[PDB]
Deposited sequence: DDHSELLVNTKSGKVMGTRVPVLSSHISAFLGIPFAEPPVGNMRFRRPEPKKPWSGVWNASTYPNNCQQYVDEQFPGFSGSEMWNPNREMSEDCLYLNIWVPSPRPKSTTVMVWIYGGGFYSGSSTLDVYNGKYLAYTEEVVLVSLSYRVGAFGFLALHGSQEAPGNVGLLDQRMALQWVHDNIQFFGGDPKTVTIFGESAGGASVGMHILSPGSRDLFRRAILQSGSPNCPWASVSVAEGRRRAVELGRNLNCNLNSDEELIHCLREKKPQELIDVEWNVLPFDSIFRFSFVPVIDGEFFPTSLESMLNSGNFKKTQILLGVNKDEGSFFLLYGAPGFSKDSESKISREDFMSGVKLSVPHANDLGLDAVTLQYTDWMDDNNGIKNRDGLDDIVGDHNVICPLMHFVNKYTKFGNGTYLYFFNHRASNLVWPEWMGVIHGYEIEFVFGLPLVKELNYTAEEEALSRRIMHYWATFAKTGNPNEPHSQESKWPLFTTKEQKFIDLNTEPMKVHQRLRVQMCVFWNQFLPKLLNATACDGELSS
């Protein structure tokens, strides 16, 4: 049958799904590691152990233990991100979507999900790979990896909970794709890892990590960069936060040995219940458990790796959305709310700014205020709302990614840059938030093609237009077809394109203005004071 496949780990039998008018085959929930339950908790993952008999690949697997977002219960705008399958410490699986009939050796795309390192699932509807697979004849795989403390708790010296382990889960699935994707018709010479926010930062990170480089060809990064200030911590800090976790559960903090034995004793939900207390800062866009700069995963510091080409040289496509800040401010900042327009007082702006740049002293603080204030109208509520959206955007996504780009392209082998600024016509969040973080994904995964979710005509155009760009680049190293064109990004000129339902424009020097602020000036200033 098309649906029975022999793989180095065992025979797997999938299932066949409908898509638009045609069909496709789906393999759902293939395990690729020993379940990290028990007291494999926090440990590095181990390989699956071949099964006998025929693994059932026809339902979605579980989601990993994660914080579940209740802030707007019943609101789809927020629910669309929540685990939608049962949660379990047993959740290392992956999913494949293969064209019918099976290709022999075609392009592979591996999706890695975002979620701030504390959350996310392979199984959410917006990450359904059947449209992409179908429309572009590519093999589409989505992996899944451990989040929050289960995934990133890090007690350096120790082998019991070493750090970066979720990051290892990702690599382990990338191994299994490497070794078996050929039996599904995928060309392993030709995998593209691609992801959003934490997912983007992780792709970035496997460009850098030496044990990750050989496992893939090309990378696409959305709204995320391995150098984003919220994406890594020092080993000391990770140590500090793990022991802090131990405290709100009343563990013995005498050896590492005992901390871990303790944390391992606790039910998954009690770790989740207190995870947000270990933050060092009142802040937004910061997360508890996070890649740590351990020296084994990352041989050295991010910055100096970037500096001396110590990273995989291939070609990359990446980008930012127009309002990366809003979603964060809505959740975290005094003054913003889902149902009003959220005019912010000159009072609330100040505390907004404070929460966004939690490591700055106040001289640093003034420098920011100065930079983003309309001094001729320093009271307009709207201007403050927006100014704040740009601070959180720039400081957290746009400018660290621009820095990553500039260093990448000295030694890279081709670089393509987008600025997605389209607001979906049926977006269910309010207007003031604009083109929000995360909201290109549904265009990438091709949901505007499905009539009953209500998109414009042109939106569907934009979606396939994007999907092709993506699939072509994965297959080619170039988003463009042999004969108007998405230009390469160069250090000399720095062209990038708009992605949106009208005819594309090339521009230059994305937020260059403000990125020199965050990239050169502020850091020098905090270093002096």
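Chemist: Give the ranges of the deposited sequence, numbered from 1, for which the structure holds no C-alpha coordinates, in sequence order.
Modeler: Unmodelled stretches: 1-3, 487-489, 536-543.
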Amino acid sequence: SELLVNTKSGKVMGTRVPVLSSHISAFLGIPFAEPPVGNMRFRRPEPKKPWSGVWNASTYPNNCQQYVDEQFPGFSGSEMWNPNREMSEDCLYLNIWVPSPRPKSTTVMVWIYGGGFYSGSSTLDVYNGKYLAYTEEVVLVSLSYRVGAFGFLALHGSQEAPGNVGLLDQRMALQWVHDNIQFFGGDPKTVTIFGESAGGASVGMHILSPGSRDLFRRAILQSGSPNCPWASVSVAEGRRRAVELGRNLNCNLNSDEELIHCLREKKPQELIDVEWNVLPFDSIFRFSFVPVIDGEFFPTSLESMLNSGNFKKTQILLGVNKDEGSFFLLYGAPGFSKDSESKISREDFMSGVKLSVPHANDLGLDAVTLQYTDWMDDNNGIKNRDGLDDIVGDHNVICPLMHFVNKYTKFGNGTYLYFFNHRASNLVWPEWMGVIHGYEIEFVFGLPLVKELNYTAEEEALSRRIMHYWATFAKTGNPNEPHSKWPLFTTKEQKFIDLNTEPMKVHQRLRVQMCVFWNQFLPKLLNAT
From here on, numbers count along this sequence of modelled residues.
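For the two forms, the rigid core is made up of the largest set of C-alpha atoms that agree within 1.5 Å on superposition.
Chemist: Please work out whether 229-237 or 279-287 has the higher root mean square C-alpha deviation in 8 other deposited structures of this protein relative to the shown form, with the rigid core as fitting region?
Modeler: Between 229-237 and 279-287, greater C-alpha deviation in 8 other deposited structures of this protein belongs to 279-287.
Chemist: Looking across the other entries that model both neighbours, is residue 483 missing in at least a third?
Modeler: Residue 483: unmodelled in a third or more of the comparison entries.
Chemist: Give the stretch, out of 169-177 and 79-87, with the larger mean C-alpha temperature factor in the deposited entry.
Modeler: Between 169-177 and 79-87, it is 79-87.
Chemist: On mean Cα temperature factor in this entry, is 290-298 or 275-283 the higher one?
Modeler: According to the entry, 275-283 carries the higher average C-alpha B-factor.
Chemist: Looking at the C-alpha B-factor values in the deposited entry, which of 326, 310, 192, 345 comes out highest?
Modeler: Reading the PDB entry, the winner on C-alpha B-factor is 345.
Chemist: Could you tell me which one of 340, 396, 413, 142 shows the highest CA temperature factor in the PDB record?
Modeler: It is 413.
Chemist: Lowest, middle or highest third: which one holds residue 442 when the chain's residues are ordered by CA B-factor from the entry?
Modeler: Lowest third - that is where residue 442 ends up once the chain's C-alpha B-factors are sorted.
Chemist: Taking the C-alpha B-factors as the PDB entry records them, is residue 266 in the lowest, middle or highest third of its chain?
Modeler: Ranked within chain, residue 266 CA B lands in the highest tercile.
Chemist: Using the B-factors in the PDB entry, rank residue 469's C-alpha atom against the chain and give the third, lowest, middle or highest.
Modeler: Middle third of the chain for residue 469's C-alpha B-factor.
Chemist: Splitting the chain's C-alpha B-factors into thirds, which one does residue 32 fall into?
Modeler: Within its chain, residue 32 is a lowest-third residue by C-alpha B-factor, going by the deposited values.
Chemist: C-alpha B factor of residue 118, ranked within the chain: lowest, middle or highest third?
Modeler: Bottom third by C-alpha B-factor.
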